[PDB]
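Below: the structure, in structure tokens.
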Amino acid sequence: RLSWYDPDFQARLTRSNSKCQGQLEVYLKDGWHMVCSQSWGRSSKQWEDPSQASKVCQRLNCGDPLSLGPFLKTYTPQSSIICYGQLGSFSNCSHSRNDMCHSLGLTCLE
């Protein structure tokens with residue numbers, strides 16, 4: 001239903017230290033859900049795909065979308081969530097337990 005490439009769908013990186021770097025925070029269904037970035041697809045532990053969220057960082061004028069790679073530890077195994085399903089279907093999530101996202105960090109373009 002909702003996706004991070006929907007114009008009306010608001011998304012960005014969590015308020016940290018960089019308007020173009022941080023964990024992914026997407027407003028869907030019920031929450032500015034702090035995701036583990038590699039949620040939904042869970043394809044790899046370090047996604048070779050740094051795209052699909054171009055609309056997001058473009059709207060943040062940070063250029064191309066946040067590139068993905070391990071950012072050590074930023075989310076909280078209670079507060080944040082790891083969603084599932086298919087990538088682009090921001091209509092279902094669950095809370096961070098045990099997946100491949102050891103706080104995978106997105107950083108708009110670079």
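Going by the structure tokens order, chains are called A, B, ..., each with residues numbered from 1, while ligands are numbered from 1 in the order shown.
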* To do: Find the residues around residue 35 of chain A up to 7 Å (only C-alpha atoms counted), leave out those fewer than 3 positions away in its own chain, and share them as a list in words.
  =>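 In the requested format, the answer is residues 23, 24, 25, 39, 80, 81, 82 and 83 of chain A.
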What does the file look like for those residues with C-alpha atoms, as an mmCIF file, in the first residue's frame?
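Generated file (part-v9.cif):
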data_model
loop_
_atom_site.group_PDB
_atom_site.id
_atom_site.type_symbol
_atom_site.label_atom_id
_atom_site.label_comp_id
_atom_site.auth_asym_id
_atom_site.auth_seq_id
_atom_site.Cartn_x
_atom_site.Cartn_y
_atom_site.Cartn_z
ATOM 1 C CA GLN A 23 18.869 4.879 10.291
ATOM 2 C CA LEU A 24 15.724 4.904 8.157
ATOM 3 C CA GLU A 25 12.637 6.562 9.613
ATOM 4 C CA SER A 39 13.709 -4.861 6.639
ATOM 5 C CA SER A 80 12.614 0.435 16.598
ATOM 6 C CA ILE A 81 11.202 -2.200 14.286
ATOM 7 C CA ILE A 82 12.144 -4.655 11.570
ATOM 8 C CA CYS A 83 9.399 -4.911 8.956
#
Could you give me, as a compact mmCIF listing (two decimals) with N, CA, C and O atoms, in the first residue's frame, the residues within 10 Å of residue 88 of chain A, counting only C-alpha atoms and dropping anything in the same chain fewer than 6 positions from it?
# COMPACT_ATOMS: atom_id res chain seq x y z
N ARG A 1 0.85 -1.21 0.00
CA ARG A 1 0.00 0.00 0.00
C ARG A 1 0.88 1.24 0.00
O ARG A 1 0.90 2.00 -0.96
N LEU A 2 1.59 1.43 1.09
CA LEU A 2 2.51 2.55 1.22
C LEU A 2 3.91 2.11 0.82
O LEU A 2 4.30 0.98 1.09
N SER A 3 4.65 2.97 0.16
CA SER A 3 6.03 2.66 -0.19
C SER A 3 6.88 3.91 -0.04
O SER A 3 6.36 5.02 -0.09
N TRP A 4 8.19 3.73 0.11
CA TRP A 4 9.08 4.87 0.31
C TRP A 4 9.30 5.66 -0.98
O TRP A 4 9.99 6.68 -0.97
N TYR A 5 8.69 5.23 -2.07
CA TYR A 5 8.80 5.97 -3.32
C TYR A 5 7.48 6.65 -3.67
O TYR A 5 7.35 7.26 -4.73
N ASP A 6 6.50 6.57 -2.76
CA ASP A 6 5.26 7.32 -2.89
C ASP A 6 5.53 8.79 -2.55
O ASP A 6 6.14 9.08 -1.53
N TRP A 40 11.84 -5.89 5.42
CA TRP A 40 11.07 -6.28 4.24
C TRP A 40 11.80 -7.37 3.46
O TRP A 40 11.56 -8.56 3.68
N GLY A 41 12.71 -6.95 2.59
CA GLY A 41 13.41 -7.88 1.73
C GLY A 41 14.37 -8.77 2.49
O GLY A 41 14.31 -10.00 2.36
N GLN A 52 16.01 2.91 -4.98
CA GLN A 52 14.59 2.77 -4.65
C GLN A 52 14.09 3.85 -3.69
O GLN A 52 12.89 4.16 -3.67
N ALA A 53 14.97 4.41 -2.88
CA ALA A 53 14.60 5.48 -1.96
C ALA A 53 15.06 6.84 -2.48
O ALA A 53 15.24 7.79 -1.71
* If we count only C-alpha atoms, what is near residue 59 of chain A at a cut-off of 10 Å, once residues fewer than 4 positions away on the same chain are taken out, given as a VMD selection string? -> chain A and resid 7 10 to 12 54 to 55 63 to 65
Restrict the selected residues to C-alpha atoms and save them as a PDB file, in the first residue's frame.
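Okay, selection_23.pdb is ready:
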ATOM      1  CA  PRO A   7       5.305  11.161  -3.187  1.00  0.00           C
ATOM      2  CA  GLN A  10       7.111  10.989   4.052  1.00  0.00           C
ATOM      3  CA  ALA A  11      10.424   9.391   4.974  1.00  0.00           C
ATOM      4  CA  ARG A  12      13.984  10.315   5.963  1.00  0.00           C
ATOM      5  CA  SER A  54      15.716   8.137  -4.427  1.00  0.00           C
ATOM      6  CA  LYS A  55      12.443  10.012  -3.949  1.00  0.00           C
ATOM      7  CA  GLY A  63      20.941  13.799  -3.984  1.00  0.00           C
ATOM      8  CA  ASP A  64      20.572  10.093  -4.683  1.00  0.00           C
ATOM      9  CA  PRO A  65      19.219   7.667  -2.039  1.00  0.00           C
TER      10      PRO A  65
END
* Among chain A, which ones does DSSP place in helix (DSSP H, G or I), written as JSON, numbers by chain? -> {"A": [54, 55, 56, 57, 58, 59]}
Dump as a compact mmCIF listing (two decimals), in the first residue's frame, selection limited to N, CA and C atoms:
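Resulting contents of selection-v7.txt:
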# COMPACT_ATOMS: atom_id res chain seq x y z
N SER A 54 15.25 6.92 -3.79
CA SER A 54 15.72 8.14 -4.43
C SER A 54 14.76 9.29 -4.15
N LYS A 55 13.47 9.01 -4.21
CA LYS A 55 12.44 10.01 -3.95
C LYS A 55 12.61 10.60 -2.55
N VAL A 56 13.07 9.77 -1.62
CA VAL A 56 13.25 10.18 -0.24
C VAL A 56 14.36 11.23 -0.12
N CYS A 57 15.58 10.85 -0.49
CA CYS A 57 16.72 11.74 -0.31
C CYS A 57 16.68 12.89 -1.30
N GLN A 58 16.01 12.70 -2.43
CA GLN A 58 15.79 13.79 -3.37
C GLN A 58 14.94 14.87 -2.72
N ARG A 59 13.93 14.45 -1.97
CA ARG A 59 13.07 15.38 -1.27
C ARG A 59 13.81 15.99 -0.08
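Minimum distance to residue 30 of chain A across A:72, A:108, A:93, A:60 (counting only C-alpha atoms) occurs at A:93.
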* Structure fact -> From atom CA of residue 103 of chain A to atom CA of residue 90 of chain A the spacing works out at 18.5 Å
* Nearest residue to residue 44 of chain A from the set A:74, A:84, A:101, A:109 (distances using only C-alpha atoms) ->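 So, comparing all the options, the nearest one is A:101.
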* Tell me which protein, DNA and RNA residues are within 12 Å of residue 46 of chain A, counting only C-alpha atoms, leaving out same-chain ones fewer than 5 positions away, and put them as a ChimeraX atom specification. => /A:36-39,41,67-71,100-106
* Pick from A:66, A:87, A:28, A:13 nearest to residue 110 of chain A, counting only C-alpha atoms -> A:66
* Asked: Residues of chain A in strand (DSSP E or B) according to DSSP, as a ChimeraX atom specification?
  -> /A:11-13,18,21-22,24-28,31-34,40,66-70,81-84,93-95,104-108
Take the residues from that selection and write them out as a compact mmCIF listing (two decimals), in the first residue's frame, keeping C-alpha atoms.
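File part_35.txt, as written:
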# COMPACT_ATOMS: atom_id res chain seq x y z
CA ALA A 11 10.42 9.39 4.97
CA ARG A 12 13.98 10.32 5.96
CA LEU A 13 16.89 9.35 8.18
CA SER A 18 23.39 14.26 9.30
CA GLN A 21 22.97 9.91 6.98
CA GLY A 22 21.27 7.76 9.64
CA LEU A 24 15.72 4.90 8.16
CA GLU A 25 12.64 6.56 9.61
CA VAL A 26 9.47 6.14 7.56
CA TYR A 27 5.97 7.38 8.36
CA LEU A 28 3.60 4.51 7.68
CA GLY A 31 4.51 5.39 13.16
CA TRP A 32 7.61 7.18 12.11
CA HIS A 33 8.93 3.68 12.23
CA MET A 34 12.66 3.46 12.81
CA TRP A 40 11.07 -6.28 4.24
CA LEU A 66 20.94 6.57 1.06
CA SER A 67 23.49 3.91 0.32
CA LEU A 68 23.28 0.94 2.68
CA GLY A 69 25.93 -0.64 4.88
CA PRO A 70 26.52 -1.62 8.56
CA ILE A 81 11.20 -2.20 14.29
CA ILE A 82 12.14 -4.65 11.57
CA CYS A 83 9.40 -4.91 8.96
CA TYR A 84 8.89 -7.88 6.66
CA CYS A 93 6.22 -4.53 10.42
CA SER A 94 7.35 -6.15 13.66
CA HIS A 95 9.77 -5.24 16.46
CA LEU A 104 22.35 -1.25 8.76
CA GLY A 105 22.89 2.39 8.00
CA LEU A 106 21.51 4.33 5.12
CA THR A 107 23.26 7.47 3.91
CA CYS A 108 21.65 9.58 1.16
* Measure the distance from atom CA of residue 20 of chain A to atom CA of residue 62 of chain A in Å and round it to one decimal. =>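 Answer for the atom CA of residue 20 of chain A to atom CA of residue 62 of chain A separation: 5.7 Å.
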* State, in Å with one decimal place, the distance from atom CA of residue 97 of chain A to atom CA of residue 79 of chain A. =>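 We find that atom CA of residue 97 of chain A and atom CA of residue 79 of chain A lie 11.1 Å from each other.
Closest approach to residue 76 of chain A among A:49, A:43, A:14, A:96 is made by A:96 (distances from only C-alpha atoms).
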